[PDB]
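Residue numbers (the authors' numbering), protein chains in the order written: chain V, 1 to 94; chain F, 1 to 177; chain O, 2 to 117; chain W, 13 to 81. From the three backbone atoms N, C-alpha and C, an ideal C-beta is built for every residue, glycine too. Following: one structure in structure tokens, then a few remarks.
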Amino acid sequence: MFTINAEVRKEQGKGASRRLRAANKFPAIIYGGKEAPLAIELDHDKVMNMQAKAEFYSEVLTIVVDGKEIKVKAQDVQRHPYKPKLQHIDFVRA
Amino acid sequence: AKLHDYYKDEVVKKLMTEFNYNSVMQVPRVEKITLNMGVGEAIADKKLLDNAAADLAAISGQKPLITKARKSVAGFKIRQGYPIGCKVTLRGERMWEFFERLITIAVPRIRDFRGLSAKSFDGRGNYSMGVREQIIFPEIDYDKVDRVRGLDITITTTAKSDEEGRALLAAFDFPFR
Amino acid sequence: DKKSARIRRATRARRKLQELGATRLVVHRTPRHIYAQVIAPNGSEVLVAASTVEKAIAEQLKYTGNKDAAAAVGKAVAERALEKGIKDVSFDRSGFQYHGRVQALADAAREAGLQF
Amino acid sequence: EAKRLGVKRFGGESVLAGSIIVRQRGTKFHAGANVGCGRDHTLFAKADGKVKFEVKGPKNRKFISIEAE
RNA sequence: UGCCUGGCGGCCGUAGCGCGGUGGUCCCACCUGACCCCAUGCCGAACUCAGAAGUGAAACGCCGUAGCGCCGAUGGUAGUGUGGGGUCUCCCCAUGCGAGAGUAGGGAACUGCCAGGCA
RNA sequence: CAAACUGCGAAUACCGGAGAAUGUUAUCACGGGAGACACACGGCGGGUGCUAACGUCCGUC
RNA sequence: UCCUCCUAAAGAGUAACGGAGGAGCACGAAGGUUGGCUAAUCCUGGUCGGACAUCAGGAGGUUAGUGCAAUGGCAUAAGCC
């Protein structure tokens with residue numbers, strides 16, 4: 001019932017993370033199961049608006065990447081120490 | 001041997017009957033008996049320690065070994081390596097005859113006989129208490145008495161629980177608490 | 002525990018012999034049965050071994066565990082070692098006390114034609 | 013005076029007999045094969061070959077081993 | 001050799017700790033006297049001289065329990081070598097290397113030789 | 001939270017074995033002839049100082 | 001005069017009239033060989049016992065001890081018989 005937009009990730013490293021933060025984006029990863037973990041790049045404002053909901057803590061996330069629907073759950077979320085910005089999120093294929 | 005035969009004849013059978021044990025040796029088996037003298041007055045005089053050790057050797061079948069100091073404390077003014085007391089490690093026929101001679105006469109005739117405690121245990125069924133007025137024992141006669149002295153009595157058993165100690169007391173018929 | 006204490010006691014000689022890098026003979030002693038083997042310097046290979054439980058060497062013995070049985074086992078181990086060509090192995094009595102069956106079997110091995 | 017400390021010879025280095033590998037104040041390394049320990053807790057080579065570093069034991073202690081070339 | 005038991009090595013918290021179950025076919029342990037082999041700071045305390053009288057219990061081998069505890073990714077974060085900039089107590093730009101912790105996952109380990117027994 | 005704290009644990013530095021490549025052998029040793037034996041400023045990682053510094057001293061460029 | 005910890009920036013060395021300390025010892029055993037044992041700390045019972053003489057049992061696994069002040073290490077013990 002929740003719409004999520006995702007983009008493919010083709011870069012890796014602290015330099016890539018800095019580039020995404022400068023371009024107002026931040027990466028995220030999905031891991032779990034026999035499938036190899038993969039990284040997904042997401043924007044900042046739209047993802048913050050998505051996370052603003054109070055039901056995120058107990059809702060299954062439907063990631064739409066490469067025209068495919070994947071149900072995941074965010075067990076751990078990494079947040080900036082004091083600034084209200086997100087730099088990395090973690091998801092599991094539940 | 002003389003008491004061991006009767007022990008195996010009746011105590012083992014009654015314990016097995018009451019505890020519905022399956023193993024033949026599940027009945028508790030006595031390991032050893034220790035007779036120590038932790039008076040603590042050996043610092044003032046050393047002859048009393050030798051006299052008490054000689055008395056213990058006479059009453060028992062062996063001469064006790066002397067025990068040195070364990071840990072020094074400034075409050076009690078105790079050094080390291082200074083002998084304080086001795087203990088007798090009763091095993092075999094000596095322990096059997098000594099325990100028989102005790103339980104025959106010595107235990108019933110004690111002043112203020114309130115009865116032994118069945119709850120005071122170390123934690124695995126070992127009964128380690130202390131008895132004063134050493135004159136109660138028959139071997140210590142008024143000829144060799146020096147002063148009213150106490151002793152520590154410990155019985156070592158293969159048991160690992162207080163229920164087995166209670167069963168052993170019941171076998172010993174446990175006059176009263 | 003007795004076995005752990007025995008192993009720790011034997012560990013001193015076991016580690017000391019490692020620097021030498023020479024094959025050693027060890028004997029495991031128990032009133033029920035006695036075991037013996039000759040350990041290679043690598044510590045994972047035995048050139049020859051025997052056990053008192055085996056009737057191939059216990060057929061002439063009244064029982065597996067006795068002084069005569071230990072002496073016979075030591076003599077057989079020494080003879081097999083000599084015929085195999087052990088080339089002057091060392092001695093290590095598994096951290097035991099050298100007063101009884103171990104002493105008898107060591108004496109038998111020495112008198113069989115050994116020089117240890 | 014500043015007492016000299018450190019590992020004189022590391023792993024994979026050819027050494028000769030009587031050559032010290034590491035001179036340590038205590039015992040941070042243990043002698044292995046063809047390695048001897050002196051009275052000053054110093055490990056010296058007992059043969060000719062390369063040196064190797066390995067960790068073993070219940071306490072994960074370090075050992076020094078020498079392999080002949 | 002399919003399984004069980006004990007010894008000879010590595011691996012040294014994937015082998016460790018707590019709980020339950022099972023074991024005498026073989027092996028191992030429990031036993032009295034020791035004046036005899038051996039010896040006690042007393043004691044047969046340890047070891048040792050007879051082996052099953054019986055047992056598998058104190059201990060010990062094995063299986064389950066992922067409970068305690070342990071190892072542990074990809075990625076991210078902190079940091080740093082190189083040249084520059086800024087509002088030069090510090091931060092950023094391009095690049096290389098990259099933490100800890102945590103998550104996923106792993107696992108009640110495995111492996112070579114010898115000896116006996118159950119076939 | 002830590003300079004006489006690490007159940008963990010970087011970048012960087014250093015040693016040794018093999019290696020295509022380059023720097024006029026650029027490397028080392030021997031004998032002779034030397035010079036100085038009072039360095040300053042800036043960059044990088046710290047100490048002292050009051051986590052007052054643009055004060056002071058270290059290793060390197 | 002010698003030695004120990006930072007400074008001394010994960011090789012080694014590395015300085016200021018920098019920040020902090022110990023010593024001029026000692027053995028005919030406190031050395032060696034072989035065979036054996038293995039701490040401080042708490043609880044249970046204990047005329048003497050005040051919690052803090054020692055004892056039997058349980059936990060602990062080197063914070064004890066390892067002669068000097070300190071550092072590195074020592075359980076296989078370098079600790080004890």
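Comparing C-alpha distances from O:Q61 to each of O:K17, O:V74 and O:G96 shows the shortest one belongs to O:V74. In chain order, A118 place their CB closer than 8 Å to the CB of F:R166, counting only its own chain and leaving out the 5 sequence neighbours on each side. Going by C-alpha positions, F:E93 is about 41 Å away from O:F92. F:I84 places its beta carbon 8 Å or farther from that of F:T104.
When secondary structure is reduced to three states using DSSP, W:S26 falls in the coil class, being assigned neither helix nor strand. Note on geometry: alpha-carbon atoms of W:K74 and W:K40 lie some 7 Å from one another. Sorting V:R19, V:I70 and V:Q87 by C-alpha distance to the C-alpha of V:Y31 places V:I70 at the top. Cβ atoms of W:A57 and W:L28 come within 8 Å of each other, at about 7 Å. Counting of Cβ neighbours within 10 angstroms places F:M95 among the buried residues, the total reaching 16 or more.
Contact check between the segment 58 to 67 of chain F and the segment 28 to 36 of chain O: fewer than three CB pairs, one atom from each, fall below 8 Å, which does not count as touching.
With a threshold of 16 other beta carbon atoms within 10 Å, O:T12 falls short and is exposed.
Distance from the CA of V:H44 to the CA of V:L86, rounded to the nearest whole angstrom, comes to 7 Å. The DSSP assignment places 47 to 59 and 93 to 101 as complete runs of the alpha helix (DSSP H) inside the segment 25 to 104 of chain F, in order along the chain (cut-off: 4 residues). In the structure shown, F:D141 falls within a coil segment according to DSSP collapsed to helix, strand and coil. Put simply, the backbone Cα of F:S72 is about 15 Å away from that of F:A42. For V:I30, the beta-bridge partners assigned by DSSP are V:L38 and V:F91. The Cβ atoms of O:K63 and O:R102 do not sit closer than 8 Å to each other.
When DSSP reads this structure, O:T24 sits in no beta bridge, so it has no partner. If the five residues before and after F:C86 are omitted, its C-beta is found closer than 8 Å to the C-beta atoms of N36, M37, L49, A52, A53, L56, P64, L65, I66 and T67, all from its own chain and listed in chain order. Here F:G125 is near F:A159, since their CB atoms are less than 8 Å apart. Put simply, the backbone Cα of V:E59 is about 60 Å away from that of W:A43. For the pair F:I136 and F:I155, the CB atoms are not nearer than the 8 Å cut-off. For F:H4, the three-state secondary structure derived from DSSP is helix. If you draw a straight line from the Cα of V:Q51 to the Cα of W:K20, it is about 58 Å long. Of all alpha-carbon atoms in O:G66, O:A105 and O:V49, the one lying nearest the alpha-carbon of O:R81 is that of O:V49.
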